[PDB]
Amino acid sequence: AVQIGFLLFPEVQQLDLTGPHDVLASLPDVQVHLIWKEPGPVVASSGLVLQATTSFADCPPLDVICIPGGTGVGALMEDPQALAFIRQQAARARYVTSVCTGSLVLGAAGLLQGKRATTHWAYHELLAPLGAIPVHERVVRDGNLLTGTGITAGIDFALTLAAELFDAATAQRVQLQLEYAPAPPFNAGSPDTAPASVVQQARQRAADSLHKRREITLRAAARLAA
């Protein structure tokens, strides 16, 4: 059975995780884990309560690891236990993946050094200090690393992983079973397509978070430099 694991942490953006979870859980001969320091309740940034299924120490060797993003990424970038777990699993995983600001956690763990990667548009400047080659594309692959932008990045890249772990017909069948054919009613999902006034509002609302994450990123980079 293919072993797939998601890191589940306080203040996660839950859709970053629950999207790919439902897609990948639809495949035959997979087992999906929700990993934290101990099994039990973990609260997402919206207040939704989720349950972790396994601890770091009890998690099996993973074939796929996925790091979601969210407010809670800042704490995780300086959590030595979580970073060590990610490094251990990444060493043998077939696919190391992240959604949105989850790539900043991979960066803090040292897994983006010399690698092409993306992250959420408002935090993209934090990739270079973590050693990455920043790329402004929605899905960026470098070897076995796959970083994706947008809250539903993991739904799309889960179909790619299905095709590569199984075959294209299996990925197509899952897409059809889920009737997955998005059609957003607005075209404002990128700073290059949204109205300038909307981009300003969004940047202003992210400014305090970006400031705090600049500080965290520099401390994380100092640890990598040692």
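From 1 onward, residues are counted along the sequence shown.
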Stretch with the higher entry mean CA B-factor, where the candidates are 70-78 and 137-145: 137-145
Stretch with the higher entry mean CA B-factor, where the candidates are 43-51 and 190-198: 190-198
Identity of residue with top Cα B-factor, from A158, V174, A183, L34: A183
Chain-relative CA temperature factor third for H120: lowest
Among modelled residues of the same chain, the CA temperature factor third for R214: middle
Chain-wide C-alpha B factor ranking for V96, given as lowest, middle or highest third: lowest
Record-listed C-alpha B factor of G102: chain third: lowest
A25 - Cα temperature factor, lowest/middle/highest third of chain: highest
